[PDB]
Trainee: 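My questions will all concern the structure given below.
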Amino acid sequence: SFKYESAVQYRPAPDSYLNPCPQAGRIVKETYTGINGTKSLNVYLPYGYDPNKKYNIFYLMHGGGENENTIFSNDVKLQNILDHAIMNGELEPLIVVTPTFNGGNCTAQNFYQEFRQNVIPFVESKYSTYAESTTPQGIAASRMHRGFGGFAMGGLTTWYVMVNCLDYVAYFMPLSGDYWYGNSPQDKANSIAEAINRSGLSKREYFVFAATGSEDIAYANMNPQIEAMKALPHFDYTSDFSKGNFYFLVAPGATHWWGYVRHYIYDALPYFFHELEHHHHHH
Ligand SMILES: COc1cc(/C=C/C(=O)O)ccc1O
């Protein structure tokens, strides 16, 4: 059913999507040991999950003061939105992982290292993504079907993941957080451009769908960064990812709160993972 729009507008999921869906994906609490010690995450598997099929995977980071359980807690209930959207055909089934930047030496800034070395191999060796194996080569070869996003400090995590993990991840969803690398917006954009240059990727091989609220403090620093990025040849601004690769959704009146941010995921996540996808779809 999904069709790309060129300037998608903010629309909250219906209130009914916040209540439990009978077609509920399974949420599995996992514990693993990596460079930052023994840590946990949650894995959302779509309803009907079949390990002999291959699923898109989206990693989603919490904000400051939160943890790996926040996004699927009663304070957010993202799984209800996912369940309803997948059941209604709005969102193709995918795996959603909620890790944490807490623990050991880990920070929102440096999480990408643990992500690369420990999180991807742990999750993707257990569950069925497009990664045929979880060697660096197997992960890189499946990058078009892997995404990363996050809220606030988790948005910062997302930007650091982008600049350090373009080889492994093609889709990025920074929510209400800017990239802290640089003394000006131009420095931030230039850093991203340099990462893209180093990666060798074409503009059809990475995608950024940023979002925030018009009354969300993150707008103050996101907006200048987005404008600087728009000026780069590396980005073609439009939400139609069949045509371009960069969009910034600003929700009128929304404030810095998961109550709103969950809806940004509802609006944006359906836009991910169709470019170079393996099914024959018309979007
Ligand atoms: C990474 O960018 C941002 C982070 C925050 C974090 C707020 C908090 O932890 O309370 C707020 C605005 C931002 O633009």
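FYI, the numbering just counts along the sequence from 1. Atom set for the values below is all heavy atoms of this structure, side chains included, hydrogens, waters and symmetry mates excluded.
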Trainee: Going by atom types alone, do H278 and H145 pair a side-chain donor with an acceptor below 3.5 Å?
Mentor: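 Yes.
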
Trainee: With clusters defined by side-chain heavy atoms of hydrophobic residues (ILVMFWY) lying less than 4.5 Å apart, directly or transitively, does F273 cluster with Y127?
Mentor: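 Yes; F273 is reachable from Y127 via cluster members.
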
Trainee: Only pairs at least two apart or in different chains count here, so list each side-chain hydrogen bond (donor to acceptor under 3.5 Å, both in side chains) that has a residue in residues 52-61.
Mentor: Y59-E124

Trainee: Under the criterion side chain to side chain contact (heavy atoms under 4.5 Å, CB included), I'd like the reasoning laid out for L175 against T212: C-alpha separation, chi angles, the key distance, then a yes or no.
Mentor: CA-CA 6 Å; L175 305 164; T212 195; over 6 Å; no

Trainee: Do the side-chain N and O atoms of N42 and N69 include a donor-acceptor pair separated by under 3.5 angstrom?
Mentor: yes

Trainee: If you round to the nearest 0.5 Å, how far is CD of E68 from NZ of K29?
Mentor: 5.5 Å

Trainee: Anything under 30° is parallel, anything over 60° is perpendicular, the rest tilted; go ahead and classify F209 against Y247.
Mentor: perpendicular

Trainee: Within the 4.5 Å heavy-atom criterion, are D178 and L156 side-chain neighbours or not?
Mentor: no

Trainee: Got a donor-acceptor contact below 3.5 angstrom from the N118 side chain to the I35 backbone?
Mentor: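 Indeed, once roles are kept as given, a pair shorter than 3.5 Å links the two residues.
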
Trainee: Can you give me the closest heavy-atom contact between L60 and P99, atom names plus distance?
Mentor: O-CD, 3.3 Å

Trainee: Distance from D240 atom CG to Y271 atom OH, nearest 0.5 Å?
Mentor: 7.5 Å

Trainee: Under 3.5 Å, side chain of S128 to main-chain N/O of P51, donor-acceptor pair present?
Mentor: yes

Trainee: Quick one: does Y260's side chain get under 4.5 Å of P12's, heavy atoms only?
Mentor: no

Trainee: Minimum heavy-atom separation for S1 and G89, please, with both atom names.
Mentor: OG-O, 3.5 Å

Trainee: Side chain of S125, backbone of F122: donor and acceptor closer than 3.5 Å?
Mentor: no

Trainee: Kindly indicate whether the side chain of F72, heavy atoms from C-beta on, has any atom under 4.5 Å from the side chain of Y44.
Mentor: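 Counting from C-beta outward, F72 and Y44 do come under 4.5 Å.
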
Trainee: Around atom CZ of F248, are there more than 12 heavy atoms of other residues, nucleotides or ligands at under 6.0 Å?
Mentor: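 Above 12, so yes.
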
Trainee: Using every non-hydrogen atom in the two residues, find where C21 and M87 come nearest and quote the distance to one decimal.
Mentor: SG-SD, 3.5 Å

Trainee: With heavy-atom distances below 4.5 Å as the criterion, would you say the side chains of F58 and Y171 are in contact?
Mentor: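 Contact flag for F58/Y171 side chains = no.
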
Trainee: Would you sort out whether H84 and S16 count as a side chain to side chain contact (heavy atoms under 4.5 Å, CB included), showing the intermediate values?
Mentor: CA-CA 9 Å; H84 280 298; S16 64; 5.9 Å; no

Trainee: I'd like to know if the side chain of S239 and the backbone of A7 have a donor-acceptor N/O pair within less than 3.5 Å.
Mentor: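 At least one qualifying donor-acceptor pair exists.
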
Trainee: At what distance, to the nearest 0.5 angstrom, does NE2 of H234 lie from NZ of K203?
Mentor: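 With rounding to 0.5 Å, NE2 (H234) is 9.0 Å from NZ (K203).
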
Trainee: Would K230 pass as a cation-pi partner of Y237, given that its NZ or CZ must be under 6.0 Å from the six-membered ring centre and within 45 degrees of the axis?
Mentor: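 Yes, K230 lies over the aromatic ring of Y237.
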
Trainee: Using the rule given for side chain to side chain contact (heavy atoms under 4.5 Å, CB included), can you reason through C165 versus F115, listing the C-alpha separation, both sets of side-chain angles and the distance that settles it, and then say yes or no?
Mentor: CA-CA 9 Å; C165 306; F115 175 59; 4.3 Å; yes

Trainee: Roughly how far, to the nearest 0.5 Å, is the CD atom of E114 from the CZ atom of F101?
Mentor: 12.0 Å

Trainee: Between the side chains of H274 and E92, does any donor sit under 3.5 Å from an acceptor?
Mentor: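 The answer is yes; a qualifying pair exists.
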
Trainee: Pairing donors with acceptors under 3.5 angstrom, does anything connect the side chains of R146 and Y130?
Mentor: no

Trainee: Checking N110 side chain against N105 main chain: does a donor-acceptor pair fall under 3.5 Å?
Mentor: yes

Trainee: According to a hydrophobic-cluster definition based on side-chain heavy atoms being under 4.5 Å apart (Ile, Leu, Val, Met, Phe, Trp, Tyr only), do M173 and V8 belong together?
Mentor: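 Per the 4.5 Å side-chain linkage, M173 and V8 are co-clustered.
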
Trainee: Treat each ILVMFWY residue as a node, draw an edge where side-chain heavy atoms are under 4.5 Å apart, and state whether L232 and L201 are in one component.
Mentor: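 Yes.
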
Trainee: Minimum heavy-atom separation for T31 and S40, please, with both atom names.
Mentor: OG1-OG, 2.9 Å

Trainee: Using a 4.5 Å cut-off on heavy atoms from C-beta on, say whether the side chain of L94 contacts that of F272.
Mentor: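 A side-chain contact under 4.5 Å is absent here.
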
Trainee: Please name the pair of heavy atoms, one in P46 and one in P93, separated by the smallest distance, quoted to 0.1 Å.
Mentor: CB-CB, 3.8 Å

Trainee: Spell out, yes or no, whether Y47 and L91 are grouped together once hydrophobic residues are joined by side-chain heavy atoms under 4.5 Å, including indirect joins.
Mentor: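 The answer is no; the residues belong to distinct hydrophobic clusters.
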
Trainee: For the residue pair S6 and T238, confirm or rule out a side-chain donor-acceptor distance under 3.5 Å.
Mentor: no

Trainee: Is the CG atom of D15 crowded by more than 12 outside heavy atoms at less than 6.0 Å?
Mentor: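 Incorrect, the count does not exceed 12.
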
Trainee: Within a 6.0 Å radius of atom CD on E132, are there more than 12 heavy atoms belonging to other residues, nucleotides or ligands?
Mentor: no

Trainee: Check whether any side-chain heavy atom of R143 lies under 4.5 Å from a side-chain heavy atom of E205, and answer yes or no.
Mentor: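 Yes, at least one pair of side-chain atoms sits under 4.5 Å.
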
Trainee: Only one of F235, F172, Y181 clears side chain to side chain contact (heavy atoms under 4.5 Å, CB included) with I192; which?
Mentor: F235

Trainee: Can any side-chain N or O of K39 pair as donor or acceptor with the backbone N or O of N102 at less than 3.5 Å?
Mentor: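 Flag set: sc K39 to bb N102 pair under 3.5 Å.
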
Trainee: Hey, does the side chain of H256 reach the backbone of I217 with a donor-acceptor pair shorter than 3.5 angstrom?
Mentor: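 Flag not set: sc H256 to bb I217 has no pair under 3.5 Å.
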
Trainee: Taking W159 for the side chain and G177 for the main chain, is one N or O donor matched with an acceptor at less than 3.5 Å?
Mentor: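 Side chain of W159 to backbone of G177, a donor-acceptor pair under 3.5 Å: yes, one is there.
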
Trainee: Can you confirm whether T98 sits close enough to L41 that some side-chain heavy atom of one is under 4.5 Å from a side-chain heavy atom of the other?
Mentor: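 No. Closest side-chain heavy atoms not under 4.5 Å.
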
Trainee: Show the numbers, then the answer: is there a side chain to side chain contact (heavy atoms under 4.5 Å, CB included) between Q225 and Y179?
Mentor: CA-CA 8 Å; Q225 178 187 337; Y179 178 38; 3.6 Å; yes

Trainee: Are side-chain heavy atoms of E30 and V43 found at a separation under 4.5 Å?
Mentor: yes

Trainee: Taking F2's backbone N and O only, do any of them form a donor-acceptor pair with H283's side chain (distance below 3.5 Å, no angle check)?
Mentor: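 Pair found, side chain donor or acceptor close to backbone of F2.
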
Trainee: Using modelled atom types only, decide if a donor and an acceptor are shared between the side chain of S214 and the backbone of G253 within a distance under 3.5 Å.
Mentor: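 Such a contact is found between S214 side chain and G253 backbone.
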
Trainee: Working to the nearest 0.5 angstrom, can you tell me the gap between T100 OG1 and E66 CD?
Mentor: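 Taking OG1 in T100 and CD in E66, the distance rounds to 9.5 Å.
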
Trainee: Indicate the atoms forming the closest heavy-atom contact of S176 with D216, along with that distance.
Mentor: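 Here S176 and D216 meet closest at OG-OD2, 2.6 Å.
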
Trainee: As an exercise, state the distance from CG of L269 to OH of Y264, rounded to the nearest 0.5 Å.
Mentor: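 So the gap between those two atoms works out to 16.0 Å.
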
